[PDB]
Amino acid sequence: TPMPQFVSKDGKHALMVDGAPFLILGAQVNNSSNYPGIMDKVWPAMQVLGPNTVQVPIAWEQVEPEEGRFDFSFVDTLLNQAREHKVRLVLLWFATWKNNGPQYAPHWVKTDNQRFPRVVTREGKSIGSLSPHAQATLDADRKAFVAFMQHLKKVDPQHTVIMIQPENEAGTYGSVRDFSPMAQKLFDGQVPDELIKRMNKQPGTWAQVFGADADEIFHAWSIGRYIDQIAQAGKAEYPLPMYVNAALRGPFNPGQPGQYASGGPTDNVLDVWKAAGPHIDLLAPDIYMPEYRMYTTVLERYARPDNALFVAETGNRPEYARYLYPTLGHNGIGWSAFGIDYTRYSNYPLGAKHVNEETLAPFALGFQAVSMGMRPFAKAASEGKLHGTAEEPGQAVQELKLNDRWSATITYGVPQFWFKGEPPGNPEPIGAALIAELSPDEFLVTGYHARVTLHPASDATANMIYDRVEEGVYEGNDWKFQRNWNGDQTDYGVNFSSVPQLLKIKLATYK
C-alpha cells in the first residue's frame, strides 16, 4: 500500500499512485470555491466532467487565521467529499504567493508590512508581492505548511491527496526583483556555488556572473530557494510529490520581467529553478494561450529530460479541450482544466463565459476516453510510449511516427467513408488523437472528430493486415472486449466522432 511518489530517470517519468503510474485528468475549482458552504456547486460540475483528480485551494488565511491557532476542518471535510465522489486531490497551498501576491496570507501577515515586507521597486515603492528575502515570512509560511503536511499525514492514510502545489504562481509583477537594502546586500554578494555549478559559470557576484539578466535570475533563485525550503520541510513530515506552477511569459515575444511575473518558473529560468529547487519535483506551466503554435511550443519547452510535463492549469473554453492528448503525448503526468464549478464566476476572456453541461462536454469526452484505459495509458507514458496530437487550424492532416514498423496519419473533418477531394479539417479546430504503443505491433488508439489511419513505416510492413481492432475498456489493467471492428469501420482508417471509444489494434502482415 505505497504512498504516491514521483519517479524520473533518464528522461522517463511517472506519478506513482497506489503503486503504479497514474495520469492526472484534472479539474480545478475557482479560487473562492474552498469553503464548506460552496461545495454543493463544485461536485455537480465534477460529476459531469468526470475528472480523476480535483485541484482545490488550501488557503493560509483559512488554516491559520490567527498565528499559532490552526484550523484544518476544511481539509477534513474536503477529503470526505473527494472520497465520496471518487476523485483524487491535489491541494494548492495559497500562502506567500498567489498570482504574485499575499492576498491569501492571514490577516496578521498581509497587513503587517514591517514583519512581512513587500518587494520594493528600484524607485523605492512597496508593491503587492512579498519579498523572498525576509526570514520572518519564510519561517511563518513553512511553519503553517509543516502543520498542514503533518495534519494530512494523520487524516489521509487512504492517500486521497496525491500531490501538493506549494504557493501559486510565485513571482512579481511590477519589478524585476526586490531593490530594498535587504535584497541589495544579497545581490551584492557572491553567487552561491550550487548555482555557479549548474549554470556552467565562473564564480563572482550576481552582476558579474549574469550581466543584464542578473536581476531576474537573482529573483528566480531567491524565490526558488524560498519555496524549496518550504517543500523540504513539508516533505520531512509527509513526503508527497510537490510541484510549482508558472504564470507564463510569451513564448515568442515575451515582455520584460515585471510585465510578466518576474522570478516565477518562466521558460528562460528553468535551469535556475532546477538548481534552486531539488525538493520540487517539477515545474508546471499554466497555459492560457489558445493559439496552436503558442500552446504546443509551451508544452515542448516545459517537457524536458529533467522535467515531467504537467499542465497544471489551462482554459475551460471548448477550443482548449483538444490540447489534452498532445500534452499526454509528451509522456508527463497529466493535464487539468481550470475553473470547473457552477459558482457563476467566469474568467473570460481567458476562459468560458459559462460552465455547464454543454461547455464541459468536449472535456468530458477526452476524460471518459482516457479513463477507459487510464492505467495502460499511464504505463505507456512512464515508458515514453504515448503519442498525442491536436488539430491545427488550416492543416487537416498530421503524421505521427510510432515506431520503425508503423506510423499513423491523422485526418480531420472527413467522412467515415471514402471522400473525394482534399480533407477540409473540422469547421473549428476540435480534433485530437491519442496512441499508446503496447508492443511493436499493438496499439491503444482513441480520438475524436478525427480519422486515425495506421500504415506501414517501412518496406518490412508493406503487406499490412488488421489482425484485430478491438473496441472495449479496461477494468484496472484487465481488457474487457466489446467487439472487433472490421469492414466499413476499418476500410478508411478508424474514425472517431463525439463518443469515447478505445480501440486495441493488433497489426499483422500477410506472408
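Heads up: residue numbers just count along the shown sequence, starting at 1.
For the pair 488-496 and 9-17, the record assigns the higher mean C-alpha temperature factor to 9-17. Look at the C-alpha B-factors of 54-62 and of 455-463. On average they run higher in 455-463. The maximum CA B-factor among the listed residues 370, 390, 182, 89, taken from the PDB record, is found at 182. For the set 332, 362, 106, 421, the PDB entry assigns the largest Cα B-factor to 421. Sort the chain's modelled residues by C-alpha temperature factor and residue 504 lands in the lowest third, per the entry.
The deposited CA B-factor of residue 147 belongs to the highest third of values across its chain. Residue 99: CA B factor lies in the middle third for its chain, per the PDB record. In the PDB entry, a CA B factor belonging to the middle third of its chain's modelled residues is recorded for residue 36.
Among the modelled residues of the chain, residue 26 sits in the lowest third by CA temperature factor in this PDB entry.
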